[PDB]
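Okay, so here's the structure we're looking at.
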There are 4 protein chains.
Amino acid sequence: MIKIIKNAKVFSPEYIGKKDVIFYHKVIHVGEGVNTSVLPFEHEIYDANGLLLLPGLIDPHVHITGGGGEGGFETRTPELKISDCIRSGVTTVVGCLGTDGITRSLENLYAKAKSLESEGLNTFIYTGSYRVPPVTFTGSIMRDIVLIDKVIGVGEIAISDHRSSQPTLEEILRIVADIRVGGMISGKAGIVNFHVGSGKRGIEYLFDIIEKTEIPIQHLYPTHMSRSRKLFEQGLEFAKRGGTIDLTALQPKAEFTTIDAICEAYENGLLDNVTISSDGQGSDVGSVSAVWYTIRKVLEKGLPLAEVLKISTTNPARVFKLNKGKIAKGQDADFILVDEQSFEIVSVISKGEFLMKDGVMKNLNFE
Amino acid sequence: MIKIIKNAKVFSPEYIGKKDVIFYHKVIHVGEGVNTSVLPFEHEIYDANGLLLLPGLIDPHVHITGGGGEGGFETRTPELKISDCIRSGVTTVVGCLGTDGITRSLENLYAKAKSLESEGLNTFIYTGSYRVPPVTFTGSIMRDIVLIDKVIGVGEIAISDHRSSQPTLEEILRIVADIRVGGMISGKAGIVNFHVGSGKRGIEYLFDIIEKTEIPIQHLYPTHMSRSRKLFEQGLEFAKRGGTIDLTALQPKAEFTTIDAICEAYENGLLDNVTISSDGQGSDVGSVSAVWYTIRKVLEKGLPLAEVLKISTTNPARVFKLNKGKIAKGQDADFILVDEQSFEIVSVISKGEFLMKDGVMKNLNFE
Amino acid sequence: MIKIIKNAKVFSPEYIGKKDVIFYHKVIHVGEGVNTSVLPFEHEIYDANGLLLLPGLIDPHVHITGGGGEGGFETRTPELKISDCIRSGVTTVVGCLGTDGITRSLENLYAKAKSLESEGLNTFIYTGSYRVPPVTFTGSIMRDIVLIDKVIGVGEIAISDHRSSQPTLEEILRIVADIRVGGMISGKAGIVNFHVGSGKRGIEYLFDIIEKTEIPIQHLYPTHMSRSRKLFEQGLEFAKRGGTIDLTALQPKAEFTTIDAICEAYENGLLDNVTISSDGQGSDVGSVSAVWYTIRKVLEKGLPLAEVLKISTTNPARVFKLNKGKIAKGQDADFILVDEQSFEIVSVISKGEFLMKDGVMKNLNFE
Amino acid sequence: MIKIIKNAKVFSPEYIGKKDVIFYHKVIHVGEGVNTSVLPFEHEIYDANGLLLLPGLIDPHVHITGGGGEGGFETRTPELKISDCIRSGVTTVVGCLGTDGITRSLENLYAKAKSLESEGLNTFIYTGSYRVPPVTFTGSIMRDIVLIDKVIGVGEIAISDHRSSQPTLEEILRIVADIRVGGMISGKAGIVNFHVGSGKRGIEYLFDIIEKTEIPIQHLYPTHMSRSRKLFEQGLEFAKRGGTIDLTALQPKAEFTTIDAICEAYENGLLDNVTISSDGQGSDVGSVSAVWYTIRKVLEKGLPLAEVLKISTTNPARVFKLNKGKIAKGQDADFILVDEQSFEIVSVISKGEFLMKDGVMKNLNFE
Ligand SMILES: [Zn+2]
Ligand SMILES: [Zn+2]
Ligand SMILES: [Zn+2]
Ligand SMILES: [Zn+2]
Ligand SMILES: [Zn+2]
Ligand SMILES: [Zn+2]
Ligand SMILES: [Zn+2]
Ligand SMILES: [Zn+2]
């Protein structure tokens with residue numbers, strides 16, 4: 001069914017004011033309200049007066065199958081619920097494994113990514129986990145990314161962390177070169193996602209790769225880059241050379257935060273190089289609710305919405321080479337509708353289907 | 001802490017009337033109320049007047065990690081919640097895999113069994129899954145049962161079913177001989193659990209094993225044996241030769257049922273050879289609530305409670321060689337307290353800890 | 001871009017006469033010509049007056065990477081050209097390997113299927129090849145169909161043929177059970193495609209599977225079933241029990257033919273159980289042109305077009321569980337436009353893109 | 001059966017003087033003698049007047065399956081007898097392999113650990129042996145510690161020794177990181193036990209791990225650290241940074257000894273960082289009798305018993321995260337009874353069972 005959203009202020013994410021959006025699975029037309037609209041086929045209309053229309057948020061780091069286990073088997077966290085995603089405005093998720101690559105399987109990660117997609121979400125996964133050498137579906141990360149549609153990279157590889165497998169630079173280079181080449185063969189981005197711990201070495205290895213080899217900076221995507229001011233300023237040096245860094249969203253649950261980090265990146269013209277992620281179901285427990293929460297905390301510091309949205313729409317889309325994050329002709333019909341007063345998510349659209357309409361969740365399988 | 005339950009009618013499961021139970025992790029003493037009780041150490045007392053004290057129920061067939069997936073990735077079911085167990089009177093669970101041995105891992109089954117145990121449940125697992133040759137932790141089912149404490153058998157191996165891997169008698173015999181010998185080395189029972197489908201061959205192979213080889217009938221534990229009157233009467237022939245059969249509990253959610261099956265087994269003196277199981281989280285969805293529900297439906301047909309309890313206490317304990325299912329000195333302190341009028345579970349004790357006291361659930365990690 | 005085809009007689013494949021079709025990637029609306037059509041967005045119109053609009057043809061058996069090699073390395077055939085497909089009306093192809101599973105790789109089959117899809121074709125592949133035990137991407141055919149989107153089955157497994165690996169019934173049953181279960185987990189059909197040679201045993205094993213096991217007849221898809229009258233009459237017995245059989249299309253390049261076979265199946269009410277395939281690039285050389293050629297030869301025997309089209313639209317779609325073969329709302333916009341006089345293919349549409357418009361091929365990469 | 005020890009002076013190991021101990025498998029109550037004791041259940045009383053009650057000794061390094069073989073097949077030593085343990089006051093043993101990882105199997109180490117436990121001992125094992133890369137049950141040390149209850153670490157890895165496999169720092173770091181992460185997932189300590197030879201490098205690598213990585217010092221447990229004054233003073237530098245070191249007990253069978261080592265550690269406030277071990281059945285032959293012998297030699301130098309006991313109770317318990325080494329409520333009922341005059345072991349209790357009562361050994365299987 002073709003649908004039309006009328007009377008919303010649209011952030012594309014660039015503010016283009018009051019515009020009407022016609023979509024199937026892809027956006028057909030953005031423009032001024034028709035006012036004849038005599039249409040020769042069945043079609044749905046949604047009155048979004050009072051609402052902002054945004055691109056659906058992209059969370060590029062979620063433990064969709066559950067994580068935890070750093071404190072024993074009793075610290076394993078539950079799997080992601082799609083209902084959590086819908087009421088937090090997240091329409092696209094990138095799932096990985098974490099510390100535990102033994103009791104959490106890649107095949108379960110894939111299966112979970114496929115069931116989230118069935119219920120109307122958009123999903124991609126990494127192969128590997130914290131440990132080097134990385135777990136694989138097929139015996140090599142290069143075969144994983146060539147043969148399995150949803151695999152977009154390897155991650156999250158731990159460096160400068162007490163849970164790392166203490167990988168060498170040589171081991172890292174082989175993994176980065178394999179996912180880069182596998183990316184080229186398969187027409188995918190080929191991302192290495194680095195879990196960066198609090199170790200003094202920080203992102204040394206990332207600088208070593210770009211200085212000592214021909215490997216472009218765009219495959220290297222460190223996260224937890226707001227863990228400390230010192231790490232975040234190593235991050236801005238990495239951005240200045242063309243890199244993108246990921247900051248762990250503020251959880252709804254205190255000196256230097258992701259909020260400070262985002263404000264510094266803006267003042268220095270590097271907000272194009274910054275993503276945020278929930279680390280949802282991570283070790284208590286990441287919520288995907290952290291993404292819209294974190295955007296709302298940055299707005300309250302005076303930053304314009306067209307600019308803040310980059311961290312959860314334009315920037316993750318560029319990193320993963322997705323046709324998402326943009327309301328525009330031929331882009332995929334993934335949108336959230338926010339109340340212009342309260343800024344509460346009231347409607348959520350993915351592939352042009354309402355997952356949520358005016359606070360009313362669609363029908364789900366175990367909810 | 002040493003505890004005492006006073007003023008309950010005790011089913012051990014044999015009815016021994018009004019008796020007092022003193023326990024730590026194991027039962028210290030069953031007998032008449034002290035009426036001096038001047039005890040030289042800290043100690044808890046529970047007034048169970050109005051309540052029946054039962055042995056904790058043993059569900060020998062639960063998909064603790066989730067199952068389903070027969071209808072695509074959207075039909076994968078969620079993992080078991082310990083809270084479901086507690087309020088359904090199940091203190092012991094035996095976890096297996098089902099149709100899906102690809103996206104459901106053995107290591108996850110183990111990890112889940114370990115976290116249920118941390119929260120106060122008693123857990124055992126099978127190695128393998130539906131498919132022959134069976135998935136293993138270590139490359140052989142015999143090494144699995146010798147090296148991994150919780151592995152008590154292989155299961156559930158599908159026979160006479162459209163989801164089976166069409167196993168031969170020779171393949172079955174090798175698997176049964178391996179789990180029997182692995183059982184002997186490890187001092188465990190060595191159970192083969194057969195998923196029996198609706199195929200015309202039924203439990204042919206089980207009769208073939210005992211008639212044509214030296215393999216004792218006690219390792220062979222078919223389930224879904226109330227699927228049809230014809231299969232259940234093959235089951236009673238199997239019981240008459242010394243076998244135990246498992247019947248899928250009636251789900252709280254219509255000619256020949258598990259209720260009819262249990263009543264026939266009683267009238268023919270074969271209730272000692274019968275277990276029930278929820279198939280909890282199985283493909284809608286098995287609930288562990290099915291076990292106490294099914295016991296309550298048999299009571300309403302006039303069968304005595306001391307006799308019905310055998311299917312969820314004495315019989316599963318004998319099959320798996322567990323020190324459970326009996327309220328008696330040196331047995332493990334696993335009990336339920338039922339209201340003598342309503343027959344509602346009001347308290348649940350495992351290893352002598354209250355998981356539930358007077359409808360009040362203990363503190364759990366993601367609940 | 002939204003497009004509309006005006007003034008064609010539409011075969012859906014049921015004849016619904018002069019109707020107008022509005023589509024993006026999926027069909028939006030079939031119905032009577034608008035005659036106001038004032039549409040508030042960019043949109044393309046195609047005047048198909050003089051043309052029949054058909055569903056795009058589905059060829060379920062093509063050696064897309066090349067085949068041959070039965071007569072030495074000089075008998076290897078070239079890979080499929082997408083241009084061959086377009087000018088033969090084939091919009092969907094199912095690619096497999098044949099006799100040679102050594103020098104022809106599965107990963108090449110996948111890569112070729114992906115490049116045909118990029119140029120605008122719709123592609124699926126089998127895992128395996130002629131030989132039992134079958135070649136795999138990941139070490140098991142069950143993992144292949146669960147993990148790799150395009151894998152829809154195993155094939156083509158040779159039986160009753162001098163190039164077979166002389167597989168046993170037990171080996172066949174394990175392979176059929178694995179692809180059936182892998183199908184259920186992955187939400188795909190799980191087809192076993194049998195290459196049937198001229199050996200006296202014919203499709204004995206197929207009857208053995210359905211008579212002796214619980215395995216439904218719909219997974220079993222023999223081809224070359226018009227090789228002889230005797231084999232084809234074994235085929236009609238298989239159809240009468242619910243099976244679908246595949247007949248090798250007549251090549252444009254003499255007693256009992258595929259034409260006779262199709263006419264017999266119609267007179268006996270079994271045309272619903274019949275597909276044809278080119279065996280394109282097969283050992284001279286199969287052409288995908290055989291499909292439309294074979295449909296044209298059946299029309300010249302007086303059979304109605306709505307009925308003949310079933311063999312290349314409805315029937316392959318049902319076998320592979322595809323949303324193809326039907327012009328109807330929500331179905332994928334794959335169509336051919338035929339001249340009503342000459343019956344020459346003049347336009348070809350896949351995912352709503354013109355691969356060919358009025359004899360003019362789109363822009364291709366090495367053509 | 002509940003039991004009570006009356007009239008002993010209790011070292012917990014802190015001296016708490018004349019106290020009474022009530023226990024099942026765990027200690028129920030420590031306190032002043034009841035003097036009413038009218039107890040409503042069967043119960044055993046032991047008159048320990050004239051005896052000191054100590055926590056059962058923990059020997060964290062025993063070749064329970066036999067060792068030796070450095071001088072050819074004729075130098076293989078016999079397996080440990082449980083009777084040796086009982087009459088030497090050792091109630092807990094940690095078993096490993098040594099030089100020979102070829103003819104001594106891990107599965108035998110496990111089996112031996114299980115049979116010692118059956119006869120009433122408490123047992124844990126390491127995976128691996130001297131050689132890097134280390135032998136495993138399952139193909140990785142991380143899977144070994146997650147899947148096998150008794151595996152508490154990897155050991156004993158040889159460094160600075162002529163029998164080492166000359167491991168690199170990188171190989172060591174991977175092994176330490178794997179056992180640390182496997183420890184976290186499994187809720188176990190994750191110990192690397194280093195056999196330190198007489199090579200000039202000593203424990204260089206241990207300092208390299210803590211200085212150059214985020215890996216905490218508590219996983220690193222070198223032994224033979226009294227082999228020389230020079231090595232022992234490297235050991236005290238390691239203790240000063242938070243490490244625990246192991247000293248080979250003096251064998252009952254001459255400048256710088258374990259006695260000197262323990263006295264130096266006390267004078268410098270580092271006795272909390274010191275364990276001793278028999279190296280029992282090691283290459284003549286370690287005896288587990290060395291542990292109580294070595295404690296008796298330190299007492300004869302004037303050190304107080306509450307302090308000396310730390311090396312065989314509190315310190316090994318902290319290293320391995322065991323609920324042992326403490327006489328206290330909820331701790332496991334493992335105790336020795338010593339004659340206050342002669343200091344001879346006269347009774348030994350494990351899990352609250354008498355292995356030895358007044359010089360009378362319990363009934364054993366091949367003794
Ligand atoms: Zn992380
Ligand atoms: Zn993470
Ligand atoms: Zn079943
Ligand atoms: Zn089941
Ligand atoms: Zn063929
Ligand atoms: Zn072929
Ligand atoms: Zn040593
Ligand atoms: Zn040693």
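All ligand and atom numbering here is 1-based and tracks the order in the structure. Numbers restart at 1 for each chain; the letters A, B, ... are given by sequence-line order, proteins then strands. All values below were derived from every heavy atom in this structure, side-chain atoms included, with hydrogens, water molecules and symmetry-related copies excluded.
Taking the N/O/S atoms of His63(C) in turn, the shortest distance to the Zn ion (ligand 6) belongs to NE2.
Looking at heavy atoms from C-beta onward, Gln281(D) lies in side-chain contact with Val285(D) at the 4.5 angstrom threshold. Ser278(C) has its side chain within reach of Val62(C): a pair of non-hydrogen atoms, C-beta onward, lies under 4.5 Å apart.
Minimum interatomic distance between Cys96(D) and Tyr126(D) (heavy atoms only, all atoms of both residues): CB-CD1, 3.5 Å. When every heavy atom of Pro134(B) is checked against every heavy atom of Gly128(B), the shortest pair comes out as CB-CA, 3.8 Å.
Salt-bridge check for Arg201(B) with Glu214(C): passed, with a basic side-chain N closer than 4.0 Å to an acidic carboxylate O.
Tested against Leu97(D), the residues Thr127(D), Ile125(D), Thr65(D) include a single side-chain contact (heavy atoms from CB on, under 4.5 Å) partner, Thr65(D).
If you look at the Zn ion (ligand 7), the protein N, O or S atoms less than 2.8 Å from it are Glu156(D) OE1, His195(D) ND1, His224(D) NE2.
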